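Structure first, then comments.
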Amino acid sequence: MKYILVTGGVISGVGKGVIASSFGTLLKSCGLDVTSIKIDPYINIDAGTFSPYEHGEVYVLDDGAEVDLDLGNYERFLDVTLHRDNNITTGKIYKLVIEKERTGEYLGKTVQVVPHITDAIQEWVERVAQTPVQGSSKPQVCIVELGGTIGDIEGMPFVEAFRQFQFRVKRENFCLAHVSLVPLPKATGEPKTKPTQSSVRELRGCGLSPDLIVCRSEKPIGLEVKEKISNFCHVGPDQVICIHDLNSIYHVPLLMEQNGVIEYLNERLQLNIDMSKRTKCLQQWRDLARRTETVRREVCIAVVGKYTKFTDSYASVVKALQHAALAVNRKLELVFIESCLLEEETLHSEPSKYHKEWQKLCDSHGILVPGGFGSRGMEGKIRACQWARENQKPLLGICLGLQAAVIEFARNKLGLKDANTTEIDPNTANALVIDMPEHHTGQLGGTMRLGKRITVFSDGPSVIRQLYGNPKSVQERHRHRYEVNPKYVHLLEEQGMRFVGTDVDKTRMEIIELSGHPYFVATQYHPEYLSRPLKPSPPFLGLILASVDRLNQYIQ
Amino acid sequence: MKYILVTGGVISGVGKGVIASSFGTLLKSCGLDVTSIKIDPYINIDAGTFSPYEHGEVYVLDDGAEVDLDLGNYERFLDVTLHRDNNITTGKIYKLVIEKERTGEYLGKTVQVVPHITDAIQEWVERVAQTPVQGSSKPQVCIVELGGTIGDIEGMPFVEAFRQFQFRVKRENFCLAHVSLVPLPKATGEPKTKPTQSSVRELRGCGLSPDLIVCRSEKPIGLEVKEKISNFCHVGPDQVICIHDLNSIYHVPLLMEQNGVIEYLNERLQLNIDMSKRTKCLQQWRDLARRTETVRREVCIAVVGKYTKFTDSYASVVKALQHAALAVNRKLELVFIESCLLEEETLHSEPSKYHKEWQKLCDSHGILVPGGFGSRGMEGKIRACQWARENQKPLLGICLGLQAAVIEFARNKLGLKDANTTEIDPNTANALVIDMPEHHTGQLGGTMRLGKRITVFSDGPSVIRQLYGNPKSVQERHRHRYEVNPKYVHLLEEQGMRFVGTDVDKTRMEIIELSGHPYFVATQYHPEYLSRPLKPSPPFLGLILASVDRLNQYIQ
Amino acid sequence: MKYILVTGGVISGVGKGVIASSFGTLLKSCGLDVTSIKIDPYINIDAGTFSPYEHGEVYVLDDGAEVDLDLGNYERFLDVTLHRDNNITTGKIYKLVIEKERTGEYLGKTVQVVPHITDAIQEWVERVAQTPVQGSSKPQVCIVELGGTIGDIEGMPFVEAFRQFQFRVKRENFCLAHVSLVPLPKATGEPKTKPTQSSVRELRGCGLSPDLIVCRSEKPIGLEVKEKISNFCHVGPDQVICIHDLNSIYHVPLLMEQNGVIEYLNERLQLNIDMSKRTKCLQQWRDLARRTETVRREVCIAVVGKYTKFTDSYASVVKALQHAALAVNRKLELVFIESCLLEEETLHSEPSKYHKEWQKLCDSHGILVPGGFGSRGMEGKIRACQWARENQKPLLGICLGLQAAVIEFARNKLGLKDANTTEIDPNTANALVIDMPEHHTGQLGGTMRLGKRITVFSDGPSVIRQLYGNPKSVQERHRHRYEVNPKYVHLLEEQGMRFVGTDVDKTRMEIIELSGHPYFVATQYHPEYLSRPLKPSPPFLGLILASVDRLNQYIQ
Ligand SMILES: Nc1ccn([C@@H]2O[C@H](COP(=O)(O)OP(=O)(O)OP(=O)(O)O)[C@@H](O)[C@H]2O)c(=O)n1
Ligand SMILES: Nc1ccn([C@@H]2O[C@H](COP(=O)(O)OP(=O)(O)OP(=O)(O)O)[C@@H](O)[C@H]2O)c(=O)n1
Ligand SMILES: Nc1ccn([C@@H]2O[C@H](COP(=O)(O)OP(=O)(O)OP(=O)(O)O)[C@@H](O)[C@H]2O)c(=O)n1
Ligand SMILES: Nc1ccn([C@@H]2O[C@H](COP(=O)(O)OP(=O)(O)OP(=O)(O)O)[C@@H](O)[C@H]2O)c(=O)n1
Ligand SMILES: Nc1ccn([C@@H]2O[C@H](COP(=O)(O)OP(=O)(O)OP(=O)(O)O)[C@@H](O)[C@H]2O)c(=O)n1
Ligand SMILES: Nc1ccn([C@@H]2O[C@H](COP(=O)(O)OP(=O)(O)OP(=O)(O)O)[C@@H](O)[C@H]2O)c(=O)n1
Ligand SMILES: [Mg+2]
Ligand SMILES: [Mg+2]
Ligand SMILES: [Mg+2]
Ligand SMILES: [Mg+2]
Ligand SMILES: [Mg+2]
Ligand SMILES: [Mg+2]
């Protein structure tokens, strides 16, 4: 088992995740099995506490784990399926060790950070690196990405663990890549290597020695800066890799392959890649990165979102839209519309922003209501679903656009003008959405539907069955708690709201599709968790093909 | 509230505990209320897992907590009663924070070491420093002793916490004392200040600045070494305190008062001691420290102990014996006798060590069987209790010498030759000791008798009632699980084994005293937890007064 | 004597010189006597070895010292006269100590870096801080600017010296200001305080504690960044000073006075400024900084310079031009014309750049030939002087434009077509410029005319006498070696080349002024060494007033 550790230098927002993912993509293209581990030095255990407006985009693995979005980035770039243990945190390690000590399996000894916490870290890393992530074959390389910057208090147990680890796994199996900031004060316009010198000094002091240096700057750095860095950091000048700000993120593995990273890793980790097939063709990645700078025709999509700030709060959604638009060969223009600026309460307060938001929503080609874990701004979501329903505008709803869609449908098409949720307003005669928790053996009470579940379609006349390649079932990822009530599902089925897919027991409803409309569908699950750069997801594919009037042509 | 933080320098075994305790003793003598906090950077939560041969001498507070022996040292030197929270560890802090995060009282934020763990440490320290330890009056100074050496990974959260803390409590209320090693290579016989320079550099880097430097050497250091240290560490030359190896530990507060520490603390922390009464007489401490170097007549006591190694494995016991001997005005010579080297199995293996151990046990004036948390070597304890019973040699048993004494009494005086425990050999018709756990409301099951409990004596003719000042009750500290069976307690009461004291409900037995013997008593509790330098404990007092034939004279 | 030390943080080009000069300007305006010391950690002793294309603009003090240009910046901003010892370097200190040791005035002891080099540094600093720089009154504050970044090997003796020094001069007389880089990666657009945290940690470790933090960013930083910095660096949030990129350098003292630096220094150094007169009016500095952003009408000046690169290679010249243009109330547009691109050798090689350079020289309003210490490109200087002479374009020559002007005058007006220098081509019958070195008692041989010398004018009809306020003499600064030959000075005086000023002995010639021309003058000295922001120098004043046809109007 070979390891590649990716550490960070001067500051935090220095670009470690894209470097690690690109390493993975290169090695994958060369024919290797690659897993990856992300280490977060914060005290949390999961993302089930994280507020959406505070961190954004809980990513859900197919075993039901709510983890960092960085594991989502690895899943997209490497095309693998990671588990909950592929994400180590400080809280997880300290909890495992404190519990082990409290049930007396250290045999009365004093448990200390060194060596017990570092032994725990090393055993965890060695353990989850042999777990298969692509089928059943063992991985051959593991990319470990360490969060934070060297010198911080929070990351010291981990660098101590990895010093000992580099000697435990026989250094010919261990490579370290250091990502640092080469700043450039515009008072003189010269790249400064002094912060990199300091950070590599701290790294050497802690016991680790870099094999690659990845510099982060805005344009390329010359050979003099490269030679100064290789002199102070003890690498070769070819092992100093410059990654400037490129067009897209899909150009970073190509820029890494242009700097000859594959040959250095093939000799340093003693892999035995046969460097003959075009040097392990990254051919379709080249096609995709070329399309990213070629598309011209625009498609405008609206995103009715509560936390309009985009500190990665709709990351998987935006990326599913991008992967869909690139395969449709069109440029994506994304509009973010606050959902609370759509209710006429703002009209009562000040009509200016109300009107401009409504005009931005009106001049769009398609609508996407994402799933906010909450009820704040749901009124705007109902208004937007209604507007799109009575204007023949294509719409896709995600885990809450289903609830909002069925609510507005009942309200303004079946006369149940008091239909609402039990999310809020739990005092309602017409509870259109109810709470049907999961009851699996091993539960006392009930919890969400979490993870990969099977879904079976109903009948013939539906487009979602076509976009999915006409299969009988489809496995997707669920993170919901509330459903719709079957009384009403057969009430509002005579009126135009067909239910196309649901579980094997037919007790819940997952995909609605109101007929007599170009594209009006909704899903309880999240389709943006299985969207990859080289294979988009069929719901977003259809939403893009409909918003530019290419859907029917694509069906045939 | 004023604080004094005591940190450590070059190595670990540098003498921090005695420095902190002596600070406390000085300030106490000057008329102040002093509490103290001990910080252990290890991952454990309590000492209930610690093996006795691994750390030695679990100390039991009077609320039932099993803590470090350093809290025992503070209790002896300061004459206070500390609680479980006066002993912070890394495990306690990380467990409190992980639990707070897992029940969502950080409100969805990311919990990080800085600032959340350091905020937790600061709030804990501020909290337990206002808890009264002497009656009900609030403390005025708090001595915080930080374990480990500056620069270690385990102690970084704590020094970060205390940097922020020094600014939160208004520096005129915060003083730091740094204890360092001044080594002396005998190749040249000159004290070296260079390691102190390095450690104070690391301390300054982490954000703290010393107010006192306490050097640790074998003989005094001159004024040139003192001036070099004050030059590199930014203190005055009078704030460099030399503590060499003295006669006893009772000379350290006197040596601190000779270096004018009280005046510096009175001006630096702005206490308002009225330095007139002999400068706050340490008079009876002077008497005790003088007696330590004056006593001449010897008394030899045997300690039948399993783990003959004395890495502080019988600390409170040995110190109770010392406090008893000093008030009796005699020198104490302590013999450690392995309990497993008394059973004739070693006689079968090799009789040499068997015979020499038995001769050491035979030429002693008194026997003390301590309480080992286990059953290893109990056979030797039975043999020793029997030998002392049939030779009129004074004996005191502690929490297991009671069980061993009653076992040998039954065996070799009432014919129940198969009497044993349920500790080991749970298959016995004659279970002399049984398991009567505590059942207090708030329990599901049963746990030990732990902490301070009341004890009432039975009748008139007993010496233990006399040594205790003839009170009706006495509060002591229990850490036992097994008792004796009442059937047998009234069986072997006609034969000479009187039961003098027990609980209020008379369902257990605590003090046995077999009459027709100079001094043969036993106790279920531990009397060595309430033994102080200036007031010994009556059981050990009587054991010393009997082993030198001064008991009857002392009674009158 | 009060001290202010200015140190540097993360990188080198962080802006220390302007911060130190602005401190000086503020304190000067408040009515204090201020001196300043610059510490360069390089091994050189003077700038007499520095190549002009390598460092640029040797500045000449009025005692004959060739020093850094930073002393020129202090002289301009503070309006003082510094000496050679106001510029400490590593070479100076180590040479003084090595020589002291080699002549046995350490009395046989071992001389070590600590304490002997640091004692030398401290005595030097204490010594030159009491030397008067403005008349004869003792200074009251001293600004010490330490070059380089904390953590470098070259600057460790100096920070050790200043730790000891802060305690030697009684901390109430010592203040430290730390200038650091707050970088801003545009991937997220958030200012990062982590490098400042690291550098202040190193600074604290070395023994110094900041009193002010001066952050360097492109736009202002908020109160959250300010609070994070004050938390980690132990200052108040008002002592965190943000200096963004402003219009000019004359806005930095005003931005410092807006952040209340004067009040903090008045309380911290216990100066006794009476903060009543507008809080010590920086009134004419306000006028000048306002004019910097108000001037509209343009004036274009050409600079025929060898090393067209401007790494501060014509700093004093460009600044004299700016100070002149601002008082004339016009905007200055400066053109840099390579002197070697004017000889027709480039015409033979490629005429494109030749022609474009000649067109840039042709479309200018005035010409300035600066003094290059050499002979490279002098041919272009002769061509430019000739072009300006036969086109009635105003010209000013500086220490080599005098030689070039007299050479072209002889050549193309008196028929001596082989007139040249002994600088190059030492084989010439018509040596128009000769070498007349200085012979002062205390010399074996000859050296340059270096430092402040007196100059007496000749007669009535001249404009340079008018621009100087019609004085009899003027003290200027000389750094030349070659002069003109008196035979020829009376040869080409009938032809239109009048000599207006020279020494007291009339053996050399300093100011030529060819009549029958708007403004054609030349000077052997450098007038750009006495040019101040609030009083320009008369030669450049006249050159600007002539290039915009305002000279004659200004004369009356
Ligand atoms: N394979 C990846 C990796 C990165 N990202 C996105 O690109 C942005 C920048 O990535 P990253 O390198 O992780 O930036 P930072 O997290 O700010 O830098 P660091 O990890 O060093 O803290 C992130 O929002 C991430 O969602 C992505 O699209 N796909
Ligand atoms: N470990 C080091 C490295 C360099 N220097 C000093 O730093 C100075 C160079 O300044 P700087 O430009 O900041 O260093 P660079 O190596 O050039 O780094 P940068 O890329 O930021 O320019 C030199 O005088 C050198 O003596 C030092 O003292 N200690
Ligand atoms: N008030 C005190 C403090 C110390 N001791 C005893 O003296 C010995 C040495 O004390 P200490 O200073 O704590 O030594 P170390 O623990 O080895 O040093 P450190 O705390 O720095 O690790 C210990 O066994 C302790 O039991 C004591 O009798 N009474
Ligand atoms: N921060 C310091 C302190 C001292 N020195 C050097 O260390 C040498 C002194 O050696 P040493 O005896 O080890 O230092 P001392 O201060 O005397 O420490 P010690 O008490 O161990 O003798 C001197 O040459 C001095 O230049 C140094 O380089 N850096
Ligand atoms: N009072 C001053 C100070 C600075 N300068 C000029 O402004 C430029 C930047 O000044 P400085 O702060 O010294 O920049 P650096 O030298 O690059 O930064 P540092 O001193 O920290 O190395 C320099 O070219 C200098 O000539 C100026 O005009 N007048
Ligand atoms: N001395 C310190 C300071 C901070 N942290 C950790 O650093 C993380 C914060 O990351 P970063 O953003 O890089 O630190 P900031 O203080 O916010 O610095 P910056 O201004 O660059 O954002 C937190 O988890 C905190 O636990 C640490 O380990 N050691
Ligand atoms: Mg990242
Ligand atoms: Mg440099
Ligand atoms: Mg100790
Ligand atoms: Mg020495
Ligand atoms: Mg500078
Ligand atoms: Mg941050």
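Easy rule for this one: first residue shown is 1, then count along the chain.
Recorded method for this deposit: electron microscopy, 2.7 Å.
The backbone N, Cα and C atoms fix where each Cβ goes, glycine too.
According to Swiss-Prot:
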- B:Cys399: active site, for GATase activity (ACT_SITE)
- B:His526: active site, for GATase activity (ACT_SITE)
- B:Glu528: active site, for GATase activity (ACT_SITE)
- B:300-554: domain 'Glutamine amidotransferase type-1' (DOMAIN)
List of residues, in chain order, with Cβ under 8 A from that of B:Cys399 (active site, for GATase activity) and at least 6 apart: B:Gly371, B:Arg479, B:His480, B:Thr523, B:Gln524, B:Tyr525, B:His526
Helix, strand or coil at B:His526 (active site, for GATase activity) [DSSP, three-state]: strand
B:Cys399 (active site, for GATase activity) in three-state DSSP notation: coil
All-chain count of other Cβ atoms within 10 Å of B:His526 (active site, for GATase activity): 25
Local Cβ density at B:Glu528 (active site, for GATase activity) - other Cβ atoms counted within 10 Å: 27
Of B:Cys399, B:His526, B:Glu528, active-site residues neighbouring ligand 12, Cβ under 6 A: none
Active-site residues close to ligand 8 - of B:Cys399, B:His526, B:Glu528, only those whose C-beta is under 6 Å away: none
